[PDB]
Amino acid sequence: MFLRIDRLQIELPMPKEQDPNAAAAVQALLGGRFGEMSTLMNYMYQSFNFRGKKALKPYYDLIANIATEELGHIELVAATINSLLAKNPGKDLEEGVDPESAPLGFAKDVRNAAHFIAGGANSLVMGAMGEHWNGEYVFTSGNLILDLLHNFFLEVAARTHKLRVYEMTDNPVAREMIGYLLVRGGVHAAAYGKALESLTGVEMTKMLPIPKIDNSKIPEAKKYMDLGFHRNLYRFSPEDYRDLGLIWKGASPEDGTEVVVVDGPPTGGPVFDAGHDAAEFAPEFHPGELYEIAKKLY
């Protein structure tokens, strides 16, 4: 079972302008083959299908726990996309919008028109080409080492895509999210690397970084490393998966410092609210009436 905390894993800067194509690119990091939806569903199903949940407990704890962090990862990337697509972030009401004026005219020429037709100027479960995320992006073989090897590759491939998208947009919201998830993804790659080292004797972490560029060279990532977040494997559980430290220990591939397990989730930041977008009829063409109904419920 799962519980939810109404907070993003980190505080994101408020968007200052809509950037459709930046959002379209960031989608690759959400619903693309190596987006957070894939890291999420791969570990989630592997955790469900895990054989030897007690006999190989440290490894089960690891996959089950990281799968839980991934839920926060898709949430964070979705909030980033929504920030890039929000017309009036944080504003509950905008009046005077008239469909006849073609208020969505700009969307006719952007890469991703779905964001404005299927979505109400919001995130969708797809990649940078509009391809919807699909279950075949998941690998759950039941063989522990094979799955771990897949996961190590999965994380470094995912990192590569984040670095490339980072180079496509200088948008502060997108780069803040990328900087943080580069660090978190790096922790996961290191964790699976350590898991493989313990089971096979092969020094997988010595292969890092892939590509051969350090996260320390990415300002937004360095910011979080300076706070020590590359050393933390958060235990996203009230009382379970307490044996993470048996694998998550030793040197960090980033700077060689000792890594540690942090019981409980990160502090986090507030959730994001794109506000009212009348042209998208979201949450309603004119939500005044609905806001009154909600008020009366109290």
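Note that residue numbering begins at 1 and tracks the sequence as displayed.
Comparing 84-92 with 129-137, the stretch with the higher mean C-alpha B-factor in the PDB entry is 84-92.
Of the two stretches examined, 238-246 and 66-74, the record assigns the greater average C-alpha temperature factor to 238-246. Out of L144, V165, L208, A157, it is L208 whose C-alpha atom has the highest B-factor in the PDB entry.
In this structure the maximum Cα B-factor among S123, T169, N112, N151 is found at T169.
Among all modelled residues in its chain, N232 ranks in the middle third by Cα B-factor.
Per the PDB record, residue ranking by Cα B-factor puts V202 in the highest third of the chain. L181: CA B factor in the middle third of modelled residues in this chain (values from the PDB entry).
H161: CA B factor lies in the lowest third for its chain, per the PDB record. The PDB entry assigns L297 a C-alpha temperature factor belonging to the highest third of its chain's modelled residues.
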